[PDB]
Amino acid sequence: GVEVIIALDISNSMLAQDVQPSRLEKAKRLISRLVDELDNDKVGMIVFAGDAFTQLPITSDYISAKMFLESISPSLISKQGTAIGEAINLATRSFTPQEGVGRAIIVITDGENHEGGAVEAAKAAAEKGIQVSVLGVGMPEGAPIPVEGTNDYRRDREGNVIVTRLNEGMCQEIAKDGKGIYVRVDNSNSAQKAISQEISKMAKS
Amino acid sequence: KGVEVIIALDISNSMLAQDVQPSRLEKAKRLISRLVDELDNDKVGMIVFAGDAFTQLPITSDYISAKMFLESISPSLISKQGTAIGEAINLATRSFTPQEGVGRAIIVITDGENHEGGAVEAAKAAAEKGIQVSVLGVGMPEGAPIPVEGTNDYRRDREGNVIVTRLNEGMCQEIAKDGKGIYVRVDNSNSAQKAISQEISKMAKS
Ligand SMILES: [Cl-]
Ligand SMILES: [Cl-]
Ligand SMILES: [Cl-]
Ligand SMILES: [Cl-]
Ligand SMILES: [Cl-]
Ligand SMILES: [Cl-]
Ligand SMILES: [Cl-]
Ligand SMILES: [Cl-]
Ligand SMILES: [Cl-]
Ligand SMILES: [Mg+2]
Ligand SMILES: [Mg+2]
(Lines give C-alpha, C1' and ligand atoms only; values in the text may rest on other atoms or scores of the structure.)
(Ligands and ions follow the chains in the order given, each with its own letter.)
Protein backbone atom coordinates (compact mmCIF):
# COMPACT_ATOMS: atom_id res chain seq x y z
CA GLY A 1 0.00 0.00 0.00
CA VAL A 2 1.16 3.53 -0.99
CA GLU A 3 0.24 7.18 -0.27
CA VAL A 4 -0.38 9.65 -3.11
CA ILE A 5 -0.86 13.35 -2.63
CA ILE A 6 -2.13 15.36 -5.62
CA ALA A 7 -1.09 19.05 -5.81
CA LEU A 8 -3.51 20.60 -8.25
CA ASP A 9 -3.01 24.06 -9.73
CA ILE A 10 -6.36 25.88 -9.58
CA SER A 11 -5.05 29.28 -10.73
CA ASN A 12 -7.10 31.12 -13.41
CA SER A 13 -4.87 29.85 -16.23
CA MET A 14 -6.28 26.36 -15.62
CA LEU A 15 -9.58 27.51 -17.16
CA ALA A 16 -7.89 27.71 -20.58
CA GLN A 17 -9.52 25.34 -23.06
CA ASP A 18 -6.50 24.08 -25.06
CA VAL A 19 -7.16 20.62 -23.52
CA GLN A 20 -10.86 19.58 -23.35
CA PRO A 21 -13.10 20.73 -21.78
CA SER A 22 -10.51 22.80 -19.87
CA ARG A 23 -7.12 22.22 -18.27
CA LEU A 24 -8.76 22.02 -14.84
CA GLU A 25 -11.65 19.73 -15.86
CA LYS A 26 -9.25 17.41 -17.72
CA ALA A 27 -7.11 17.33 -14.58
CA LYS A 28 -10.14 16.39 -12.44
CA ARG A 29 -11.10 13.58 -14.87
CA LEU A 30 -7.55 12.22 -14.71
CA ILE A 31 -7.48 12.35 -10.88
CA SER A 32 -10.83 10.54 -10.63
CA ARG A 33 -9.55 7.82 -12.95
CA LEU A 34 -6.23 7.75 -11.07
CA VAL A 35 -8.23 7.15 -7.86
CA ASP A 36 -10.15 4.28 -9.55
CA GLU A 37 -6.86 2.41 -10.20
CA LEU A 38 -5.76 2.62 -6.54
CA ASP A 39 -6.03 -0.55 -4.42
CA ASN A 40 -5.42 -0.48 -0.65
CA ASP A 41 -3.82 2.97 -0.78
CA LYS A 42 -4.40 6.45 0.61
CA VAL A 43 -4.87 9.66 -1.34
CA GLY A 44 -4.82 13.34 -0.36
CA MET A 45 -5.26 16.53 -2.35
CA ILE A 46 -3.77 20.02 -2.14
CA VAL A 47 -5.00 22.92 -4.29
CA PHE A 48 -2.79 25.92 -5.00
CA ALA A 49 -2.55 29.23 -6.80
CA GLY A 50 -0.83 32.10 -4.94
CA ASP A 51 -1.23 30.04 -1.73
CA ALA A 52 -1.67 26.27 -1.16
CA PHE A 53 -4.13 24.48 1.07
CA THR A 54 -5.24 20.96 1.88
CA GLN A 55 -8.43 20.25 -0.02
CA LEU A 56 -8.61 16.57 0.97
CA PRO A 57 -6.72 15.21 3.98
CA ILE A 58 -4.98 11.90 3.30
CA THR A 59 -7.65 9.16 3.28
CA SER A 60 -8.58 5.66 2.08
CA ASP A 61 -12.17 6.84 1.56
CA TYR A 62 -12.26 6.98 -2.30
CA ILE A 63 -15.98 7.77 -2.50
CA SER A 64 -15.42 10.96 -0.47
CA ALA A 65 -12.18 11.70 -2.35
CA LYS A 66 -14.15 11.89 -5.62
CA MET A 67 -16.85 14.12 -4.08
CA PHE A 68 -14.17 16.52 -2.78
CA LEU A 69 -12.51 16.43 -6.20
CA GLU A 70 -15.70 17.38 -8.06
CA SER A 71 -16.18 20.54 -5.93
CA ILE A 72 -12.76 22.08 -6.79
CA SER A 73 -12.77 25.43 -8.66
CA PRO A 74 -10.47 28.49 -8.88
CA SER A 75 -12.77 30.36 -6.46
CA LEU A 76 -11.37 28.24 -3.60
CA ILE A 77 -8.26 30.50 -3.72
CA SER A 78 -8.36 34.26 -4.31
CA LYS A 79 -4.59 34.99 -4.19
CA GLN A 80 -3.06 34.40 -7.61
CA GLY A 81 0.36 33.07 -8.64
CA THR A 82 1.80 29.59 -9.14
CA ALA A 83 3.11 28.52 -5.72
CA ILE A 84 4.31 25.01 -6.62
CA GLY A 85 7.06 25.06 -3.98
CA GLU A 86 4.53 25.82 -1.22
CA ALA A 87 2.23 23.07 -2.48
CA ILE A 88 5.06 20.51 -2.55
CA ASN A 89 6.22 21.51 0.96
CA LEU A 90 2.64 21.23 2.23
CA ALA A 91 2.27 17.79 0.64
CA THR A 92 5.47 16.44 2.24
CA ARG A 93 4.07 17.43 5.65
CA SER A 94 0.73 15.82 4.77
CA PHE A 95 1.73 12.13 4.61
CA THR A 96 1.02 9.74 7.51
CA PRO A 97 3.63 8.95 10.23
CA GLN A 98 4.02 5.37 8.99
CA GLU A 99 7.50 4.29 7.83
CA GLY A 100 8.14 1.80 4.99
CA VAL A 101 5.43 3.21 2.67
CA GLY A 102 5.87 4.38 -0.94
CA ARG A 103 4.99 8.07 -1.29
CA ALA A 104 4.22 10.13 -4.36
CA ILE A 105 3.42 13.81 -4.85
CA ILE A 106 1.73 14.44 -8.20
CA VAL A 107 1.81 18.09 -9.30
CA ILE A 108 -0.73 18.91 -11.99
CA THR A 109 -0.10 22.35 -13.45
CA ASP A 110 0.66 24.41 -16.58
CA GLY A 111 3.91 25.29 -14.73
CA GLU A 112 3.50 28.92 -15.72
CA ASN A 113 5.03 31.99 -14.09
CA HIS A 114 6.43 30.14 -11.09
CA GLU A 115 8.85 32.55 -9.40
CA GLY A 116 11.21 30.03 -7.77
CA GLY A 117 11.24 27.39 -5.06
CA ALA A 118 9.55 24.41 -6.71
CA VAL A 119 12.88 22.79 -7.67
CA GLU A 120 14.28 23.06 -4.11
CA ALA A 121 10.94 21.97 -2.61
CA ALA A 122 11.03 18.90 -4.90
CA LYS A 123 14.67 18.19 -3.90
CA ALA A 124 13.73 18.34 -0.19
CA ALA A 125 10.80 15.96 -0.79
CA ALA A 126 12.99 13.48 -2.70
CA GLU A 127 15.44 13.24 0.22
CA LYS A 128 12.53 12.22 2.49
CA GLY A 129 11.69 9.17 0.32
CA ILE A 130 8.96 10.98 -1.63
CA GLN A 131 8.81 10.94 -5.42
CA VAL A 132 7.56 14.15 -7.04
CA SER A 133 6.01 13.75 -10.51
CA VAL A 134 4.52 16.49 -12.70
CA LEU A 135 1.67 16.27 -15.17
CA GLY A 136 1.86 19.26 -17.51
CA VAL A 137 -1.54 20.43 -18.71
CA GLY A 138 -1.94 22.74 -21.68
CA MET A 139 0.08 23.43 -24.82
CA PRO A 140 3.26 25.53 -25.21
CA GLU A 141 1.70 27.50 -28.09
CA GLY A 142 -0.61 29.43 -25.69
CA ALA A 143 -4.36 29.91 -25.27
CA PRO A 144 -6.63 32.68 -23.95
CA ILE A 145 -8.80 32.12 -20.82
CA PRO A 146 -12.57 32.43 -21.27
CA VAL A 147 -14.67 34.21 -18.64
CA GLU A 148 -17.76 32.22 -17.73
CA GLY A 149 -20.46 34.87 -17.27
CA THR A 150 -19.34 37.21 -20.04
CA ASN A 151 -18.15 37.07 -23.67
CA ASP A 152 -14.69 38.32 -22.71
CA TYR A 153 -11.37 36.74 -21.76
CA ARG A 154 -9.15 37.19 -18.69
CA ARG A 155 -7.03 40.32 -18.83
CA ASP A 156 -3.76 41.34 -17.21
CA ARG A 157 -3.28 44.45 -15.04
CA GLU A 158 -2.88 46.69 -18.11
CA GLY A 159 -6.15 45.35 -19.58
CA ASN A 160 -4.74 43.06 -22.30
CA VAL A 161 -5.96 39.53 -23.13
CA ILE A 162 -3.88 36.96 -21.20
CA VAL A 163 -2.37 34.17 -23.31
CA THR A 164 -1.33 31.28 -21.03
CA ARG A 165 1.32 28.74 -22.09
CA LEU A 166 2.33 25.34 -20.75
CA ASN A 167 5.91 25.64 -19.46
CA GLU A 168 7.29 22.13 -20.00
CA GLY A 169 10.88 23.03 -19.08
CA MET A 170 9.74 24.13 -15.62
CA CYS A 171 7.62 20.97 -15.20
CA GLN A 172 10.60 18.80 -16.29
CA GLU A 173 13.09 20.38 -13.87
CA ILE A 174 10.70 19.81 -10.93
CA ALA A 175 10.11 16.14 -11.79
CA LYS A 176 13.82 15.41 -12.47
CA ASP A 177 14.94 16.79 -9.07
CA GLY A 178 11.87 15.28 -7.37
CA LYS A 179 12.90 11.85 -8.76
CA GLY A 180 9.48 11.36 -10.37
CA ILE A 181 8.32 11.40 -13.97
CA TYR A 182 7.07 14.20 -16.26
CA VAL A 183 4.24 13.69 -18.71
CA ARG A 184 2.30 16.13 -20.81
CA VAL A 185 -1.47 15.83 -20.43
CA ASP A 186 -3.36 15.97 -23.74
CA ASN A 187 -6.84 14.88 -24.87
CA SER A 188 -5.96 11.15 -24.75
CA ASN A 189 -5.75 8.88 -21.70
CA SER A 190 -1.95 8.74 -22.07
CA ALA A 191 -1.02 10.87 -19.04
CA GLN A 192 -3.38 9.03 -16.68
CA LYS A 193 -2.07 5.63 -17.82
CA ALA A 194 1.58 6.73 -17.45
CA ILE A 195 1.16 8.11 -13.90
CA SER A 196 -1.02 5.15 -12.78
CA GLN A 197 1.72 2.72 -13.86
CA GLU A 198 4.36 4.76 -11.98
CA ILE A 199 2.17 4.54 -8.83
CA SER A 200 1.74 0.75 -9.03
CA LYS A 201 5.47 0.23 -9.81
CA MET A 202 6.26 2.22 -6.67
CA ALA A 203 3.76 -0.05 -4.86
CA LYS A 204 5.79 -3.16 -5.76
CA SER A 205 9.09 -1.73 -4.50
CA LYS B 1 -37.25 61.98 -51.28
CA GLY B 2 -35.47 58.65 -51.85
CA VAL B 3 -31.80 58.15 -51.00
CA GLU B 4 -29.09 55.74 -52.13
CA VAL B 5 -27.17 53.83 -49.45
CA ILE B 6 -24.17 51.61 -50.10
CA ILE B 7 -22.83 49.48 -47.26
CA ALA B 8 -19.15 48.55 -47.35
CA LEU B 9 -18.73 45.59 -45.03
CA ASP B 10 -15.40 44.33 -43.68
CA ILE B 11 -15.34 40.53 -44.07
CA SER B 12 -11.68 39.96 -43.06
CA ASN B 13 -10.86 37.24 -40.45
CA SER B 14 -10.84 39.71 -37.57
CA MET B 15 -14.63 40.13 -38.06
CA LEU B 16 -15.08 36.59 -36.69
CA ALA B 17 -14.00 37.83 -33.25
CA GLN B 18 -16.85 37.36 -30.74
CA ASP B 19 -16.45 40.49 -28.55
CA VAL B 20 -19.80 41.63 -29.88
CA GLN B 21 -22.58 39.03 -30.11
CA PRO B 22 -22.73 36.65 -31.92
CA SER B 23 -19.61 37.95 -33.75
CA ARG B 24 -18.51 41.27 -35.26
CA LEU B 25 -19.62 40.08 -38.69
CA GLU B 26 -22.92 38.48 -37.64
CA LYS B 27 -23.84 41.54 -35.55
CA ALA B 28 -23.07 43.70 -38.60
CA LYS B 29 -25.42 41.58 -40.72
CA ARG B 30 -28.21 41.81 -38.17
CA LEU B 31 -27.75 45.60 -38.02
CA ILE B 32 -27.83 45.85 -41.84
CA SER B 33 -31.01 43.78 -42.02
CA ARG B 34 -32.68 46.23 -39.61
CA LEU B 35 -31.26 49.22 -41.50
CA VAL B 36 -32.92 47.85 -44.71
CA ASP B 37 -36.29 47.40 -42.88
CA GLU B 38 -36.23 51.15 -42.16
CA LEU B 39 -35.72 52.13 -45.82
CA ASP B 40 -38.78 53.33 -47.71
CA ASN B 41 -38.45 54.76 -51.25
CA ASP B 42 -34.73 54.04 -51.18
CA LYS B 43 -31.99 52.08 -52.89
CA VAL B 44 -29.40 49.93 -51.22
CA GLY B 45 -26.20 48.30 -52.43
CA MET B 46 -23.48 46.28 -50.72
CA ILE B 47 -19.75 45.82 -51.09
CA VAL B 48 -17.69 43.31 -49.13
CA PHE B 49 -13.96 43.83 -48.54
CA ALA B 50 -10.87 42.44 -47.01
CA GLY B 51 -7.59 42.67 -48.98
CA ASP B 52 -9.74 43.41 -52.06
CA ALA B 53 -13.27 44.84 -52.44
CA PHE B 54 -16.15 43.66 -54.60
CA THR B 55 -19.82 44.40 -55.21
CA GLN B 56 -21.99 41.92 -53.32
CA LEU B 57 -25.29 43.64 -54.12
CA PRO B 58 -25.77 46.17 -56.96
CA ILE B 59 -27.82 49.17 -55.91
CA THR B 60 -31.48 48.11 -55.78
CA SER B 61 -34.92 48.87 -54.36
CA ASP B 62 -35.48 45.09 -54.01
CA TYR B 63 -35.24 44.70 -50.20
CA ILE B 64 -36.29 41.06 -50.17
CA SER B 65 -33.31 40.16 -52.37
CA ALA B 66 -31.06 42.55 -50.42
CA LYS B 67 -31.69 40.55 -47.24
CA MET B 68 -31.03 37.19 -48.93
CA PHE B 69 -27.73 38.52 -50.41
CA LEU B 70 -26.81 39.54 -46.87
CA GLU B 71 -27.24 35.98 -45.58
CA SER B 72 -24.67 34.52 -48.00
CA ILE B 73 -21.89 36.88 -46.77
CA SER B 74 -18.88 35.23 -45.07
CA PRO B 75 -15.05 35.75 -45.03
CA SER B 76 -14.52 32.92 -47.56
CA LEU B 77 -15.95 35.24 -50.26
CA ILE B 78 -12.49 36.92 -50.29
CA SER B 79 -9.25 35.00 -49.68
CA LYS B 80 -6.76 37.92 -49.94
CA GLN B 81 -6.44 39.37 -46.44
CA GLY B 82 -6.14 43.08 -45.52
CA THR B 83 -8.36 46.02 -44.63
CA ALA B 84 -8.92 47.80 -47.96
CA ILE B 85 -11.38 50.47 -46.79
CA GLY B 86 -10.20 52.99 -49.45
CA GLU B 87 -10.77 50.56 -52.32
CA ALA B 88 -14.27 49.82 -50.92
CA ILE B 89 -15.19 53.51 -50.60
CA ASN B 90 -13.85 54.22 -54.12
CA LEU B 91 -15.86 51.28 -55.52
CA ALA B 92 -18.96 52.58 -53.69
CA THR B 93 -18.65 56.05 -55.26
CA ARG B 94 -18.63 54.43 -58.74
CA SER B 95 -21.73 52.34 -57.89
CA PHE B 96 -24.39 55.00 -57.30
CA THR B 97 -26.89 55.97 -60.00
CA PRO B 98 -25.89 58.92 -62.27
CA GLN B 99 -28.98 60.93 -61.18
CA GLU B 100 -28.13 64.34 -59.63
CA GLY B 101 -30.15 65.78 -56.69
CA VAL B 102 -30.15 62.54 -54.67
CA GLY B 103 -28.90 62.06 -51.09
CA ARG B 104 -26.20 59.40 -51.03
CA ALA B 105 -24.41 57.65 -48.18
CA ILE B 106 -21.62 55.09 -47.88
CA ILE B 107 -21.70 53.15 -44.59
CA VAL B 108 -18.43 51.43 -43.76
CA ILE B 109 -18.76 48.71 -41.13
CA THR B 110 -15.38 47.55 -39.83
CA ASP B 111 -13.00 47.15 -36.88
CA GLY B 112 -10.77 49.67 -38.81
CA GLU B 113 -7.77 47.52 -37.96
CA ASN B 114 -4.39 47.64 -39.75
CA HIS B 115 -5.54 49.79 -42.68
CA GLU B 116 -2.47 50.72 -44.80
CA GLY B 117 -3.69 54.17 -45.98
CA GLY B 118 -6.01 55.61 -48.59
CA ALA B 119 -9.32 55.44 -46.68
CA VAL B 120 -9.33 59.05 -45.48
CA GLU B 121 -8.45 60.40 -48.98
CA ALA B 122 -11.11 58.12 -50.47
CA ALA B 123 -13.70 59.43 -47.97
CA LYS B 124 -12.78 63.04 -48.69
CA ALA B 125 -13.14 62.41 -52.48
CA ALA B 126 -16.60 60.85 -51.85
CA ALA B 127 -17.56 63.89 -49.77
CA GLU B 128 -16.56 66.23 -52.64
CA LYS B 129 -19.09 64.38 -54.82
CA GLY B 130 -21.82 65.00 -52.24
CA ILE B 131 -21.65 61.47 -50.77
CA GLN B 132 -21.59 61.21 -46.96
CA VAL B 133 -19.31 58.52 -45.59
CA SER B 134 -20.22 57.09 -42.17
CA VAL B 135 -18.38 54.43 -40.14
CA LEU B 136 -19.79 51.89 -37.68
CA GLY B 137 -16.93 50.60 -35.61
CA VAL B 138 -17.39 47.04 -34.42
CA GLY B 139 -15.46 45.33 -31.64
CA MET B 140 -13.66 46.23 -28.43
CA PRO B 141 -10.67 48.64 -28.52
CA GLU B 142 -9.19 46.46 -25.70
CA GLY B 143 -8.87 43.44 -28.06
CA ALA B 144 -10.28 39.95 -28.64
CA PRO B 145 -8.98 36.61 -29.92
CA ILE B 146 -10.61 35.01 -33.00
CA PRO B 147 -12.20 31.61 -32.41
CA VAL B 148 -11.91 28.95 -35.12
CA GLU B 149 -15.24 27.41 -36.14
CA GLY B 150 -15.87 23.85 -34.89
CA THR B 151 -12.80 23.87 -32.63
CA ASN B 152 -11.76 25.23 -29.23
CA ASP B 153 -8.75 26.89 -30.90
CA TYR B 154 -8.09 30.48 -32.06
CA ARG B 155 -6.53 32.03 -35.16
CA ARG B 156 -2.75 32.15 -34.96
CA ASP B 157 -0.07 34.16 -36.73
CA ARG B 158 2.79 32.63 -38.76
CA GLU B 159 4.88 32.09 -35.62
CA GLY B 160 2.01 30.29 -33.86
CA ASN B 161 0.88 33.14 -31.60
CA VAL B 162 -2.77 33.83 -30.78
CA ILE B 163 -4.02 36.81 -32.83
CA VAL B 164 -5.70 39.57 -30.79
CA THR B 165 -7.77 42.03 -32.85
CA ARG B 166 -8.78 45.52 -31.67
CA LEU B 167 -11.28 48.06 -32.90
CA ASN B 168 -9.31 51.13 -34.05
CA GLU B 169 -11.73 53.87 -33.09
CA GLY B 170 -9.29 56.62 -34.11
CA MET B 171 -9.04 55.41 -37.71
CA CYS B 172 -12.82 54.95 -37.99
CA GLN B 173 -13.33 58.50 -36.68
CA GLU B 174 -10.92 60.15 -39.17
CA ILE B 175 -12.69 58.42 -42.07
CA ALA B 176 -16.17 59.53 -40.92
CA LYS B 177 -15.06 63.10 -40.19
CA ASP B 178 -13.47 63.71 -43.60
CA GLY B 179 -16.33 61.78 -45.21
CA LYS B 180 -18.85 64.16 -43.58
CA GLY B 181 -20.82 61.31 -41.99
CA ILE B 182 -21.03 60.00 -38.46
CA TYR B 183 -18.96 57.58 -36.41
CA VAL B 184 -20.71 55.22 -34.00
CA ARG B 185 -19.40 52.28 -32.05
CA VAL B 186 -21.39 49.11 -32.40
CA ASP B 187 -22.04 47.32 -29.08
CA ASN B 188 -24.68 44.74 -28.01
CA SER B 189 -27.62 47.18 -28.00
CA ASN B 190 -29.55 48.52 -31.01
CA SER B 191 -27.92 51.94 -30.50
CA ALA B 192 -25.69 51.93 -33.59
CA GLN B 193 -28.49 50.79 -35.92
CA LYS B 194 -30.83 53.50 -34.70
CA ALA B 195 -28.17 56.20 -34.91
CA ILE B 196 -27.35 55.32 -38.52
CA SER B 197 -31.01 54.94 -39.56
CA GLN B 198 -31.58 58.38 -38.01
CA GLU B 199 -28.71 59.81 -40.06
CA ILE B 200 -30.14 58.24 -43.23
CA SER B 201 -33.63 59.67 -42.41
CA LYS B 202 -32.11 63.12 -41.74
CA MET B 203 -30.36 63.00 -45.13
CA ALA B 204 -33.60 62.01 -46.94
CA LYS B 205 -35.52 64.90 -45.38
CA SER B 206 -32.94 67.56 -46.20
CL1 LIG C 1 -7.52 11.10 -18.27
CL1 LIG D 1 6.24 28.39 -4.10
CL1 LIG E 1 12.44 26.82 -8.71
CL1 LIG F 1 -3.23 42.53 -26.54
CL1 LIG G 1 -6.19 36.66 -39.11
CL1 LIG H 1 -28.79 46.15 -34.49
CL1 LIG I 1 -7.56 50.73 -49.37
CL1 LIG J 1 -5.86 56.75 -44.50
CL1 LIG K 1 1.27 34.91 -27.64
MG1 LIG L 1 -1.77 29.93 -13.60
MG1 LIG M 1 -9.44 42.51 -40.25
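Throughout, a chain's letter reflects where its sequence line sits, starting with A, and its residues are numbered from 1. Side chains included, hydrogens not; waters and symmetry mates left out as well; all remaining heavy atoms used.
- Using modelled atom types, no side-chain atom of A:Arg184 and backbone atom of A:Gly136 make a donor-acceptor pair closer than 3.5 Å.
- Checking B:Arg24 against B:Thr165 by side-chain atom types alone, a donor-acceptor pair falls below 3.5 Å.
- The parts of B:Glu142 that come within reach of chain A are both its backbone and its side chain, each placing non-hydrogen atoms under 4.5 angstrom from that chain.
- Interface remark: B:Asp153 contributes no atoms to any contact with chain A (heavy atom separation under 4.5 Å).
- A donor and an acceptor atom, one from each side chain of A:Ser133 and A:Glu198, are nowhere located under 3.5 Å apart.
- Highest contact tally toward chain A, considering only B:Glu159, B:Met140, B:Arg156, B:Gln18, is held by B:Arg156 [criterion: heavy-atom pairs under 4.5 Å].
- Of the atoms belonging to A:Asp18, not a single heavy atom falls under 4.5 Å from chain B.
- Atom CD of A:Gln80 has more than 12 neighbouring heavy atoms from other residues, nucleotides or ligands inside a 6.0 Å radius.
- With hydrogens and angles disregarded, no donor-acceptor distance shorter than 3.5 Å links the side chain of A:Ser32 to the backbone of A:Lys28.
- For B:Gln21, the part lying under 4.5 angstrom from a heavy atom of chain A is the side chain only.
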